[PDB]
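**Student:** Below: one structure in C-alpha cells.
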Amino acid sequence: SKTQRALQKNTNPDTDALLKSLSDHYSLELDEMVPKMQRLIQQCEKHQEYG
Amino acid sequence: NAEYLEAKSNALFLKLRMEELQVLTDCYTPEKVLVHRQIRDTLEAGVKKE
Amino acid sequence: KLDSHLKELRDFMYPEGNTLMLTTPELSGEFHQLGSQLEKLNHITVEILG
C-alpha cells in the first residue's frame, strides 16, 4: 500500500502518458523541423551558387 | 535556434543581391547604353551579311 | 511493472545507451549541417564585398 501510494504521488504524468508524449514530440520534429532545416540547407546552397 | 539560422541565411542573401545591382547601375550609364546599341547594330548587320 | 516502466523510459531517453539525449539525433545533425553551410555562404559574401 505504501509503494502504491508512492506511485500515485509520483505519477503526474503517467509513465505511459509520458512515453506517448515523448514519441509524439519525436515524430513532430522529424515531420516538421527536420524537413524545414533541409529546405534551409538547400536554399543556402543556391545562394552560394548565386555568389 | 532554427529561427535564428533561417534569419541569418536570408540577410546574407539580400546583401549579396544589393551589391550586384549597385555594380550594374555603375556599369550601364545612358551614354554607354547608346554606344552598346551602335555596336550591336553594326555586329548584327555583319552577322546578317556573312 | 515498475521495472518495465523504468526500462521503457530509459531506452527512450538513452538511445545510444551511454548518454542522456535531449535532442533528436536527426535534428542535431541538421543543425550542424546548416551552421556549416551558412559559414561558407558568409565567406563568399565577404570575399565579393572585399
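Line by line, the protein sequences give chains D, C and B.
Those letters in the first sequence? Residues 565 to 615, by the deposited numbering.
Those letters in the second sequence? Residues 254 to 303, by the deposited numbering.
Those letters in the third sequence? Residues 499 to 548, by the deposited numbering.
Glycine residues also receive a C-beta, built at the ideal position from the N, C-alpha and C atoms.
How far does the alpha helix (DSSP H) with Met511 of chain B in it reach, from first residue to last?
**Tutor:** On the third sequence, position 13 is the one that residue 511 of chain B refers to. Element bounds for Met511 of chain B: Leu500 to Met511.
**Student:** Which residue's Cα is closest to the Cα of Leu518 of chain B: B:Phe510, B:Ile542 and B:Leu536?
**Tutor:** One-based indexing of the third sequence puts residue 518 of chain B at position 20. Checking every option, the nearest Cα to that of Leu518 of chain B belongs to B:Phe510.
**Student:** Roughly how many angstroms separate the alpha carbons of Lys301 of chain C and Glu537 of chain B, rounded to a whole number?
**Tutor:** Position 48 of the second sequence, counted from the first residue, corresponds to residue 301 of chain C. Position 39 of the third sequence, counted from the first residue, corresponds to residue 537 of chain B. If I take the Cα positions, the gap works out to 50 Å.
**Student:** Below 8 Å between beta carbons is the criterion; list the residues of the segment 523-543 of chain B that meet it against any residue of chain D, in chain order.
**Tutor:** Flagged, chain order: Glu524, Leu525, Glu528, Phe529, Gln531, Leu532, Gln535, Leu536, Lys538, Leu539, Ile542 and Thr543.
**Student:** Quick check on DSSP: helix, strand or coil for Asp580 of chain D?
**Tutor:** For this step, residue 580 of chain D is matched to residue 16 along the first sequence. Reduced to three states, the DSSP call for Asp580 of chain D is helix.
**Student:** Given this structure, state the Cα-to-Cα distance separating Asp580 of chain D from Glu596 of chain D, to the nearest angstrom.
**Tutor:** As a working mapping, residue 580 of chain D is identified with position 16 in the first sequence. As a working mapping, residue 596 of chain D is identified with position 32 in the first sequence. About 24 Å.
**Student:** At 9 Å on the CB atoms, spell out the chain C contacts of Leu604 of chain D, in chain order.
**Tutor:** Sequence index remark: in the first sequence, residue 604 of chain D carries index 40 (1-based). Under the 9 Å cutoff, chain C gives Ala255, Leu258, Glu259 and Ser262.
**Student:** Distance, Cα to Cα, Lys600 of chain D vs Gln568 of chain D?
**Tutor:** The residue labelled residue 600 of chain D in the question sits at position 36 within the first sequence. The residue labelled residue 568 of chain D in the question sits at position 4 within the first sequence. So the alpha carbons of these two residues sit roughly 45 Å apart.
**Student:** So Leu547 of chain B contacts chain C; which residues on that side make the cut at Cβ distance below 7 Å?
**Tutor:** Within the third sequence, numbered from 1, the residue matching residue 547 of chain B stands at position 49. In chain order: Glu272.
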